[PDB]
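In: Experimental structure and sequence below.
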Amino acid sequence: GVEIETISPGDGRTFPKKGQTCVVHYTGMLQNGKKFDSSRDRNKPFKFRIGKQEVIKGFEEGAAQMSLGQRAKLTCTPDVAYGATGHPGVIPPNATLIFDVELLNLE
């Protein structure tokens with residue numbers, strides 16, 4: 001369950017398609033916990049394409065429901081990212097994921 005909470009401004013018409021590489025200033029956040037990831041610190045804003053299962057499934061479907069300039073707020077259920085496995089040392093199992101995501105794409 002991907003539940004978008006959008007900070008408004010953008011265009012609402014430039015939508016990502018298959019095989020299009022998009023650039024995201026994402027920000028990881030744990031519910032009732034601290035940060036666990038940030039693309040703003042490295043200043044390397046994570047060039048990735050659409051449709052190759054590189055990212056987790058909760059992060060993947062949230063980007064297709066956005067547009068250029070927009071600023072959503074992901075809330076990932078544990079079943080789509082790590083809730084059975086748990087990323088060892090960084091993401092414990094049965095974890096609810098929060099992401100501040102800005103979509104500033106190209107292509």
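Out: Everything's here; your move. Numbers count the residues shown, from 1 in each chain.
In: Residue 62 looks like it's in a strand, true?
Out: No: applying DSSP: H, G, I helix; E, B strand; the rest coil, one finds residue 62 to be helix, outside a strand.
In: Any idea how many residues pack against it?
Out: 21 (other C-beta atoms under 10 Å). Backbone N, C-alpha and C define where each C-beta goes, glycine included.
In: Next up, the contacts around it.
Out: 2, 4, 72, 74, 99, 101 (C-beta atoms under 8 Å, 6 or more residues apart in numbering).
In: is it true that the first one touches residue 75?
Out: Yes: shown here, residue 2 and residue 75 form a contact pair, counting by C-beta atoms under 8 Å, at 7.4 Å.
In: what's the nearest residue to residue 65 if we skip its chain neighbours?
Out: Closest residue in space to residue 65, ignoring its immediate chain neighbours: residue 4 at 5.5 Å, by C-beta to C-beta, 6 or more residues apart in numbering.
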